[PDB]
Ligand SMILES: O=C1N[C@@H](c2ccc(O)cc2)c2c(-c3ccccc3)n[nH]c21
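Read the single chain below, which is given as structure tokens and is the form deposited without the named molecule.
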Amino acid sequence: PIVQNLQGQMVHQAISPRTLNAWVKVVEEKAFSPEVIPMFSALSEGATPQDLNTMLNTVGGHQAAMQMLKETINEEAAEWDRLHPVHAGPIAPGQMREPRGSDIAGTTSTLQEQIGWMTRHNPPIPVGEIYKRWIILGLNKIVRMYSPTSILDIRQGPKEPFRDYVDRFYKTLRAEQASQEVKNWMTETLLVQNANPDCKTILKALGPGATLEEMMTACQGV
């Protein structure tokens, strides 16, 4: 990482063992669950591409998945390159070279260089955050593909305490590919459409606009 300030002494510190080890254990245990992704970001705070590469390389197993991530990152790199057209020019003394897709994925650049882009002169290029975004995209893809099931098959059981049904439904929701608007839509429509008949009733008896707390409170007594 590169530790921040608005007047303090900035530093380039490499990933700690605590951080590193944490990451290995999360992947080792949790496989491909949505929380893994926030954990990744959390552990990656202020990370440079080298740090990011480090975290990704140290995973053993899930080699299919770690390959899809490489494909995804490659595509992001190509897109970056189309839009950011390279110059045929000599980088003059007193200038830093413009970064290409691969330099941002950390493969074609030095720690120094990555360190420089994030610091720069006046114009700042946060390659760590950019690359981090590419990696989260691929991780999203992977989480989706490894989601055991479709949101439409979340049906509340006959003896299922409403709270537990809500727990399954939103868990499955977090792993879907859809956007905010679709999630909004699925929330109203499918939460009450898929509840058990005993409850489906009471929830209808609150009309079309009531908070989740109201609903859970409503369905508390069976």
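The numbering used is simple: start at 1 and walk along the sequence shown.
Absent from the display: the form deposited with the named molecule bound. The rest refers to it.
Across the proposed site, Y165, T201 and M216 without exception lack any heavy atom within 4.5 Å of the named molecule in the entry with it bound. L69 is the sole member of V192, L69, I154, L43 with a non-hydrogen atom within 4.5 Å of the named molecule in the entry with it bound. The named molecule is not shown here, and in the entry with it bound it never comes within 4.5 Å of any heavy atom of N196. Proximity of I73 to the named molecule in the entry with it bound falls within the 4.5 Å heavy atom cutoff.
Contact between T107 and the named molecule in the entry with it bound is found at the 4.5 Å heavy atom cutoff. Using a 4.5 angstroms threshold between heavy atoms, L56 counts as touching the named molecule in the entry with it bound.
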